[PDB]
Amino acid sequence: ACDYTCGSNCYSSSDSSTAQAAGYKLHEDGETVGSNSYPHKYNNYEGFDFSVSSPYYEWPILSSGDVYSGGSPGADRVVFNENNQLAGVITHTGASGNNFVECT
């Protein structure tokens, strides 16, 4: 079973933890990768009720199991805060335009 299901993509806790560690490290170092400059501030326009406090940052989580290092980011993201706490896993899949919906 999946811990997080983003559309058709299946993720376990280990998948999200691994992606998060990568995103947080780049955040600390003040470095970004890809044309969209990840990791970057996630404003939460959607108004998701995250249990942890802002500010939030989004970083891609890939269905291939590999850590994002540039190129196409896909539709899935892990959202973490300044304390390196996981807020949630979101996706553009099943959401209109560039909006997000939570991965169930």
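So that there is no doubt, residue numbering starts at 1 and follows the sequence shown.
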| item | value |
| --- | --- |
| Average Cα temperature factor in the PDB entry - higher stretch of 64 to 72, 37 to 45 | 64 to 72 |
| Entry-reported Cα temperature factor of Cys2, expressed as the chain third it lands in | middle |
| Third of the chain's Cα B-factor distribution that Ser96 belongs to, per the entry | highest |
| Cα B factor band for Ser13 (lowest, middle or highest third within the chain) | middle |
| B-factor third for the C-alpha atom of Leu26 within its chain | middle |
